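Chain and residue survey
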Amino acid sequence: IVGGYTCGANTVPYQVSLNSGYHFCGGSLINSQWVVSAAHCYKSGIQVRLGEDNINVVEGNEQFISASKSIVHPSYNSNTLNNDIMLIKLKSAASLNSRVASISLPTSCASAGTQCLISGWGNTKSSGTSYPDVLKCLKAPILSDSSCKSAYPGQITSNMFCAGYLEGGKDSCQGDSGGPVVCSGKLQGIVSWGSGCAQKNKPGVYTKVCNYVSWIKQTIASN
Ligand SMILES: Cn1ccnc1-c1cccc(Oc2[nH+]c(Oc3cc(C(=N)N)ccc3O)c(F)c(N3CCC[C@@H](C(=O)O)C3)c2F)c1
Ligand SMILES: [Ca+2]
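Residues numbered from 1 in each chain as written, not as in the entry; some residues may be left out. Chains lettered and ligands numbered in written order. Heavy atoms only, no water.

In its metadata, the entry names X-ray crystallography as the structure determination method and reports 1.80 Å as the resolution.

Here is the structure:
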């Protein structure tokens, strides 16, 4: 997150860190046994870390759980990033509490202008690399389809939405990928891609979760 603020320990209880001996992607806890992330974050040997604040220190409240299976959307296209969504099943259920909680799936898509909270342990710099220890937060609005398309001609599908600031300096970035975009208590987006980070006229692009509710439910039910 570029241009954000320190969230405060366990203030974003559904935030998960995907770990393979280092933090590589975010995710969201949607029930005691399932996490949603981005398909582009897929890899084998994933350990899900719940209840994290400082990802480099064991502070208490953490729960480390291996992934039993990772389900990449069957129509994910690595060239276009269309359908950039993945489901991860935990080997054992998370213990839900004050600090580790699920986030609800949307019932309807969010409109342009809706303010959302984006969070992660990704890069905090536009120019250069600087990874934080603690979780960073950013409040950002969903942009109109028209602005989004103007920014990334021919690259925006019906399964994507733009959120952020055209003036630059505030955005998600590498390392935040697969993490949550929460609007009015519902998971509306997944951090997917953008051209650089916090660059003028190049807002972040997010997987539009409301288009996958049925798919999520159906997939979980059969696994
Ligand atoms: C439209 N489309 C189809 C297939 N790929 C794409 C694109 C196009 C443009 C950017 C895309 O995503 C990308 N997003 C990034 O950064 C991100 C930016 C944002 C944001 N601004 N809100 C969110 C998540 C990100 O992962 C990259 F750093 C990146 N890299 C550039 C190449 C080197 C790579 C690294 O590992 O060293 C970093 C990249 F290709 C993905
Ligand atoms: Ca920790």
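1. A look at unusual backbone geometry
In the Ramachandran plot, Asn61 falls in the positive-phi region, its phi being about 85° despite a non-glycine side chain. When you line up the elements, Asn61 lands in the loop between β5 (47-50) and β6 (63-72). Positive phi, close to 55°, is recorded for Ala198, a residue that is not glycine. With respect to the helices and strands, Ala198 occurs in the loop between β12 (186-193) and β13 (204-208). On the accessibility criterion, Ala198 (7% relative accessible area) is buried. (Helix = DSSP H or I, 4+ residues; strand = E, 2+ residues; numbered from the N terminus. Buried < 20%, exposed > 50% of the residue type's maximum accessible area, 1.4 Å probe, protein only.)

2. Some remarks on the domain arrangement of the protein chain
The domains assigned to the protein chain are domain 1 (1-12 + 103-210) and domain 2 (13-102 + 211-223). A separation of 18 Å is found between the C-alpha centroids of domain 1 and domain 2. Between domain 1 and domain 2, the contact holds 38 residues from the first and 37 residues from the second. Both sides together, the interface formed by domain 1 and domain 2 hides about 2,900 Å², and carbon and sulfur atoms give 55% of it. (Domains from an automatic or database assignment. Contact = heavy atoms within 4.5 Å. Buried area = accessible area lost by both parts, 1.4 Å probe.)

3. As for the UniProt feature "domain: Peptidase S1" in the protein chain
In this structure's numbering, the residues bearing the UniProt feature "domain: Peptidase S1" are residues 1-221. Within the segment residues 1-221, helix and strand shares are 7% and 32% respectively, and the terminal C-alpha atoms sit 34 Å apart. (UniProt positions renumbered as here; feature names shortened; annotations may be inferred.)

4. Here we look at the state of the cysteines
Under the definition given, this model contains six disulfides. Between the sulfur of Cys25 and that of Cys41 lies a disulfide, 2.0 Å long from S to S. Of note, the bridge from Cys25 to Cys41 carries an S-S torsion of about -80° and is left-handed in sense. Here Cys25 is found in strand β3 (residues 23-29), whereas its partner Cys41 is found in the loop between β4 (34-37) and β5, with 16 residues between them in sequence. Taken individually, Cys25 and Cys41 each receive the classification buried, so the pair is uniform in this respect. (Disulfide = S-S within 2.5 Å.)

5. Some remarks on the coordination of the calcium ion (ligand 2)
Here the calcium ion (ligand 2) is held by the protein donor atoms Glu52 (OE), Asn54 (O), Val57 (O) and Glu62 (OE), which lie 2.2 to 2.4 Å from it. Mapped onto the sequence, the donors of the calcium ion (ligand 2) take the spacing E-x1-N-x2-V-x4-E. Classification of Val57 by relative accessible area gives partly exposed; the value is 41%. (Donors = N, O, S within 2.8 Å, 3.2 Å for Na, K, Ca; no water.)

6. Some thoughts on the site of ligand 1
Around ligand 1 lies a shell of 16 residues, among which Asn79, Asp171, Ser172, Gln174 and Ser177 are the nearest. Interatomic distance of 3.4 Å between a backbone N/O atom of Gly194 and a nitrogen atom of ligand 1. In the complex, the protein chains occlude 60% of the 810 Å² of accessible area that ligand 1 would expose alone. Ranked by residues supplied to the shell around ligand 1, first place goes to β12 with three residues. Residues of the shell around ligand 1, tallied by class, amount to four nonpolar, 11 polar and one charged. Here the shell around ligand 1 spans two domains, since at least three of its residues come from each of domain 1 (1-12 + 103-210) and domain 2 (13-102 + 211-223). (Near = heavy atom within 4 Å. Polar contact = N/O pair within 3.5 Å; in protein donor to acceptor, adjacent residues only side chain to side chain. Areas by Shrake-Rupley, 256 points an atom, 1.4 Å probe, with all protein chains shown as cover. Nonpolar A, V, L, I, M, F, W, Y, C, P; charged D, E, K, R; others polar.)

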